[PDB]
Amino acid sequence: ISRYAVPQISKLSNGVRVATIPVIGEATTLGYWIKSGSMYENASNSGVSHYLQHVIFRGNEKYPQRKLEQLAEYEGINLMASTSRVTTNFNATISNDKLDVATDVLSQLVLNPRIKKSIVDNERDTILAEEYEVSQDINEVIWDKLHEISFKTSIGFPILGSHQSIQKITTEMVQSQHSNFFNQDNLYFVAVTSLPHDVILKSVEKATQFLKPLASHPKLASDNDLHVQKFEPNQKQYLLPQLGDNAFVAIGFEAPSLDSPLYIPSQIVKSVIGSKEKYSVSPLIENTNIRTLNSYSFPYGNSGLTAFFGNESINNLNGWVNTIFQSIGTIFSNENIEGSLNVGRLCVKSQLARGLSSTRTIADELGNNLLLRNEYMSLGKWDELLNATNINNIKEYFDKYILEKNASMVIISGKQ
């Protein structure tokens, strides 16, 4: 649905940048992408980015909670938001005729909140509950433990905040995070749309009429260099006897930053191991009977984490670990390096192609690209880079990141 090149960016005199990319279709995804998340927090305000996201959604003056509900129910404006370790967005997916109401609400909520003790305190329980829910998905739990033992720095915080943190978050903290991270210069408004650029631009201008320009530009709190991350491999085991005859396991390595020449290779290697699904497993895996497998690799400022995880029966856990290590090893062998690269490259192209049919997916990618990249990377240039990636690029990623490196490991066991 996207014709595989380039977005168009304009800046309003109030300093809001409006980035749109053209798409065919009835559908439009739009909103605000802000460089706000748990990487930019410290021990004392951990959890606050996510907390703020909730408050923002709980309505402001011109739109209380009630008028937001009405807008879902009758006027077809569905508000989505989320907070990762690195970024935050508030968005809606709409029909083109709903443009003005959408840009109005979104600008109002994100850029014009009313952060009062009563909404803050009233939100606490919701966030507590969400934290309980999330803690009963062991994949989430193990993900988080693996970060925690690998990073002494802010990446090792959970996104939601520790239980104690969620309990101690004050209205002052929520205010401050908004004041420091939600400014024109730390965000973009994004639109994936058939409508021309200028129509979105004019709509956002109408919508942001209340917003006064910034007098100065104090160095962004979201700056990567104010949050240098330090990976240190660690090994830690947990009980959860309610799991019964099962264990979860995760194995982590440091991964490259988003701009490293070795990033793409890292993506190829992870992809080639990939995930085991109902009908598909990596040629690299010797025991295809393993219960499950996931592979992720993320950039975090200067650092990043590649992680492999799943669950097996207690009897099968230690085997699972051997399988995963073998599989990685297999890639480095000269009998295999070339097939590994081509299959990994194919995987990455295939993940791409799927993301290019949903405006929601295009939006998220465009938002993150703009906020997290040095220079905007085209779907175009990206393809070139993948294709130009050779056996020696893979060999080199292995050298800097894998061979002779200790991995982090977390086990969560039912009996052990």
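Counting begins at 1, following the sequence as shown.
Colleague: Where do the C-alpha atoms have the higher mean temperature factor in this entry, in 295-303 or in 200-208?
Modeller: For C-alpha atoms only, the mean B-factor is higher in 200-208.
Colleague: Going by the average Cα B-factor in the PDB entry, point out whether 71-79 or 324-332 comes out higher.
Modeller: Between 324-332 and 71-79, it is 71-79 that shows the higher mean C-alpha B-factor.
Colleague: Please pick out which of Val272, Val190, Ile314, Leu99 has the largest Cα B-factor as recorded in the entry.
Modeller: Max CA B-factor in the entry, restricted to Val272, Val190, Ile314, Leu99: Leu99.
Colleague: Determine which member of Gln65, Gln53, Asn368, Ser36 has the highest CA B-factor, using the values in the deposited entry.
Modeller: If I rank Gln65, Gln53, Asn368, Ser36 by C-alpha B-factor, first place goes to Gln65.
Colleague: Could you tell me which third, lowest, middle or highest, the C-alpha B-factor of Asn392 occupies within its chain?
Modeller: Highest third, going by the recorded CA B-factors of the chain.
Colleague: Taking the C-alpha B-factors as the PDB entry records them, is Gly380 in the lowest, middle or highest third of its chain?
Modeller: Answer is highest: the recorded C-alpha B-factor places it there.
Colleague: Based on the entry's values, in what third of the chain does the Cα temperature factor of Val105 lie: lowest, middle or highest?
Modeller: CA B-factor rank for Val105: highest third.
Colleague: Per the entry's values, where does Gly31 land by CA temperature factor relative to the rest of its chain, in the lowest, middle or highest third?
Modeller: Within its chain, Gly31 is a middle-third residue by C-alpha B-factor, going by the deposited values.
Colleague: Select lowest, middle or highest to describe the third in which the CA B-factor of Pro256 falls within its chain in this entry.
Modeller: According to the entry, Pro256 has a C-alpha B-factor in the chain's lowest third.
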